[PDB]
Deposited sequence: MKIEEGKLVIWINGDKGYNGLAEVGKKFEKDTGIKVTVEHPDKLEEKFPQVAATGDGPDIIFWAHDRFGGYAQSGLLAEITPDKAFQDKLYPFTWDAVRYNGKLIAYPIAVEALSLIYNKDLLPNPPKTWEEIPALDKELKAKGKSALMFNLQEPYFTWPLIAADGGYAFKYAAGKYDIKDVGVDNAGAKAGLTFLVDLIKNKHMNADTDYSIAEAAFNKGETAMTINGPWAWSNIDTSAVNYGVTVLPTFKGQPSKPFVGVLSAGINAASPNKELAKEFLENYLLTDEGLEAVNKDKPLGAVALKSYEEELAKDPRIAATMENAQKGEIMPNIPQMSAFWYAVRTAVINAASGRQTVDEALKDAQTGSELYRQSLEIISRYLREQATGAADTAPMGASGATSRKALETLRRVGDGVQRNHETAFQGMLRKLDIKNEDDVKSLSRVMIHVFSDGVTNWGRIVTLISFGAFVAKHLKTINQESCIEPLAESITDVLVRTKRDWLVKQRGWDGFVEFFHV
């Protein structure tokens, strides 16, 4: 689907895409290859949809956190720079784009949020979040406000939420330990909600409203990344970039992202893209060209980062980074972000309490792991005749009773529907681990085209167990876990919002309670 003999690049609209296009034209002047740069809306959600069908751009730019999901889905080509090139980037930025032992992207720049403040209104920025209400009272009396920043994207509210103990996935990362609804997360999000309640902030403020308020001098402070500096420069505001305020004595902890460039697994121009990224973009002149459009942050290229680091705005960026944490790149990051976005917005607007909002977000971030735990154990004990002796772990009461419930209602379905199950199991003939990958197509077609309820979910998992028994008999026991993962992916992404609304697997257990 992708045209050969050229390069299409996607990058987000807040980045220096005009600068990126300039590097493209220099590539063109050398090779005769045209370089088109686009910045479509919601490109991080469009990429996986289009690239799954073999379409999309040759190169996609985004912070590294999304790339684990893309690599897991087979959407990114493995990148293979020689040691001479790898030595030119900071080791830690390469780590950010390593997934299951392979490099899946070229790292570009390190991004962290800072506090940006107007030196003509606040010559001394607050060191604590706690003192911002009184400062706002002080500024309101002068016709100004203390602080405005984007409240629609959780990226910007997360520093406050993690400050007192909130976190995504514990530590390696234990995908089973989610820290979205613990006391620390609550304490931070409560402080944000209280700021809104006391008229210090507006739940409706987004990126554009906050940017224009600061850049016109109506608000004294904003929270943003290095890409926003260019527009402040133009407004001629006298701004400083500094450490984020502490909360309850501890630092704000922003999720640090590494802007990175991935090559589409279906692109016919992988040698061209490697040549552009390694020998044109990731060079002193290439990054400067982008940086002059919208600042990149602390770039991954050592030769150039040595000059930018001297800029206090970059030193402040890297100080805020060292207090924060590099984002995971695991595939569940997207699900985490979707959940926390909904929770921050509902809590800020009043649709839910902080308790409600974060509980749902906790159930959403845990949905995939918990579903896989249940579905995999059921499939394997059904196929082998023996249960898994391993502890259930986090939320283990739910999983244990979900599985017990499933044993009850699932075994009755395999018996009563043995005729339909046998027939479906022949139309599909499963003999290979590869065939199991072909299932998702028909599996989704059937599961999607109807109503939603726990009974069809039981059918879904029960045929899964029916198919697992067969795989075991033909010595294909290795295919049962990839089968459990495919069932779980189909279930969680097609019924995410319904399942969260049912209180997840607690609803399951309650719905089929005797």
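Gaps between the deposited sequence and the modelled coordinates occur at 1, 173 to 175, listed in sequence order.
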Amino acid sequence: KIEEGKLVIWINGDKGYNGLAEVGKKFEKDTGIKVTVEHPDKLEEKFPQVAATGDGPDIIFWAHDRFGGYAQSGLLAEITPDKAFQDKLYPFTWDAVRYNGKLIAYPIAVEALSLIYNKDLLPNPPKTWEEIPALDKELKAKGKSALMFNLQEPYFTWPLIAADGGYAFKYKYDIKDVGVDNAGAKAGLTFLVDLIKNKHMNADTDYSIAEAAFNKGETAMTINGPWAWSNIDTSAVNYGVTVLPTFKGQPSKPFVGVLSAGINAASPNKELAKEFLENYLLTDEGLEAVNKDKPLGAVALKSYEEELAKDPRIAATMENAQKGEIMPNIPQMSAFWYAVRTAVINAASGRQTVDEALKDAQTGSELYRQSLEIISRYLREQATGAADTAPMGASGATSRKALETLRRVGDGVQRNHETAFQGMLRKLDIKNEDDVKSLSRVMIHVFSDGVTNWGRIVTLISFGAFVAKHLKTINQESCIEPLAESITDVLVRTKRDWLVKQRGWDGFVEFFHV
From here on, numbers count along this sequence of modelled residues.
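The term rigid core refers to the most C-alpha atoms you can superpose between the two forms while keeping them within 1.5 Å.
Looking at 427 to 435 and 103 to 111, the one farther from the shown form in 8 other deposited structures of this protein by average CA distance, after a rigid core fit, turns out to be 427 to 435. Between 443 to 451 and 63 to 71, greater CA displacement relative to the shown form is found for 443 to 451 when the structures in 8 other deposited structures of this protein are fitted on the core. Of the other compared PDB entries of this protein that include residues on both sides, all give residue 401 atoms, none of them, and so not a third, leaving it without.
Annotation: residue 274 does not belong to the positions left without coordinates in a third of the other compared entries; each one with flanking residues models it. The question of which stretch, 132 to 140 or 423 to 431, has the higher mean Cα B factor is settled in favour of 423 to 431. On average the C-alpha atoms of 447 to 455 have higher B-factors than those of the other stretch, with 57 to 65 and 447 to 455 being the two compared. For the set 345, 439, 375, 289, the PDB entry puts the maximum C-alpha B factor at 439. Note on the listed residues 107, 188, 154, 412: the highest Cα temperature factor in the record is that of 412. In the deposited entry, the Cα temperature factor of residue 486 places it in the middle third of its chain's modelled residues. When the modelled residues of the chain are ordered by their C-alpha B factor, residue 388 lands in the lowest third. In the deposited entry, the Cα temperature factor of residue 503 places it in the highest third of its chain's modelled residues. Split the chain's modelled residues into thirds by C-alpha temperature factor. Residue 495 is in the middle one. In the PDB entry, a CA B factor belonging to the middle third of its chain's modelled residues is recorded for residue 315.
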